[PDB]
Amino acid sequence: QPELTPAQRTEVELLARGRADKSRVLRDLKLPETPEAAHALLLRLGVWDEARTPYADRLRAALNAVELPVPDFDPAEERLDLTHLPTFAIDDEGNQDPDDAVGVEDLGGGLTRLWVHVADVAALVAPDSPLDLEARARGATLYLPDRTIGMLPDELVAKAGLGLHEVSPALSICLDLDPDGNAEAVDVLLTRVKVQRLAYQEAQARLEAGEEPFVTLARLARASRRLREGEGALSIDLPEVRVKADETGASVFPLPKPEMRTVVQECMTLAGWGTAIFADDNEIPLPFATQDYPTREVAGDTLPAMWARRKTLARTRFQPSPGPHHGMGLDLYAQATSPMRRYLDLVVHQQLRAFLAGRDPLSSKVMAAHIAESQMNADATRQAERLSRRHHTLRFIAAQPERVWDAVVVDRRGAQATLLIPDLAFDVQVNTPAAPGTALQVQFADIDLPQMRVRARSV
């Protein structure tokens, strides 16, 4: 009903974005002067549609693509050619920022060399560069359901991504593993590979048809997971979904997890462990990922079990010197396979690259510094992602008023049981009896986007 002038609209839009604290307009309309009330009013007046999300804005997370010039790879740099080896960058469907590729060589006597290649980002982003500083400012790439704001420029992703060109450079980690999962040698070096891209599902079909390197990969993965599971590593694999949005609306379909998906993960886990080792031997400081023992032990693999397991998790501390990680069942570990989307990973590559022929890496001092500076930014960026995935997931829910969803009481607290809707990877508070594991169909009551809340009835 009320009609705002452009000037007034911008004022309320500024309050909704959290760039302001008051609004004469809202006051006059006798509404709360809150980013949420402004958001609601804009929606109500049609100035904004339900597809807009102000969370990245409020959290002050960058929404502009980094516009810095990106240098080319040095063509004179010496790299080992592994372009003759079958290599696969296996991912989810839709993602277009290939960060890694796997491969395997039979060395004989049952010794198999695992190859994990990663985008050679450090070759284009030296520490302290405009690129570096900007990546530190963001802490990580922001994956919104309707767009992706990279931690680095798109052009960088373009020439650095694995398998975006018939051939591509890469920083690789290789592990010589015996049938029993023991590594006899870990190596880290600059290479050139020709990767072939595939979706997890596609790789799974090739695994079922018994093709290589898929089969071998699966074997080494089953071996590596069992060792870690002997050392106390536990699994927190809850249902996951994909949230996408466009002009047609918001979508939330479950994410397939074939065995092959778990395999590539274990391979990443391996490169990380393998890199923690290499770093330790050469005294190279890294943002080692450490984690203590959980609040308590929790038995089972049911949802209510993994759900609790996740809340019990001890914090993850990044430090210049190595340290155990119980959650994973590893003495030392580092994340080194996603330098194109996680800042800490990029640092690992700057460190490795520095040592790998050249000047000294960063000291534990400046190291702890960049870890601290980036994490803060990474926290904001990730919260922005969560808040937006929630926003669009709500839309999706709203576009199916009648629909009934399957849930399972995963946790409780008084007459209030918190159940999870697997297909939505969503969870809502609901009072009922049902015990931690009881399935019950739910029906959502009345979405409110601004407040971003929902109540549910046990249909």
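The first residue of the shown sequence is 1; numbering continues from there.
- In this entry, the higher average B-factor at the C-alpha atoms falls on 420 to 428, of the pair 66 to 74 and 420 to 428.
- Per-stretch averaging of Cα B factors for 345 to 353 and 89 to 97 places 89 to 97 on top.
- Of the candidates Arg44, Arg52, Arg395, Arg413, the deposited coordinates give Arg413 the top C-alpha B factor.
- Comparing the listed residues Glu266, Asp301, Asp176, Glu259, the entry records the largest Cα B-factor for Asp301.
- Per the deposited record, the Cα B-factor of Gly150 falls in the lowest third when ranked against the other modelled residues of its chain.
- Split the chain's modelled residues into thirds by C-alpha temperature factor. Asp28 is in the middle one.
- Ranked within its chain, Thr141 lands in the lowest third, by CA B factor from the PDB record.
- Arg403: CA B factor lies in the highest third for its chain, per the PDB record.
- The entry lists a Cα temperature factor for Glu105 that places it in the highest third of the chain's modelled residues.
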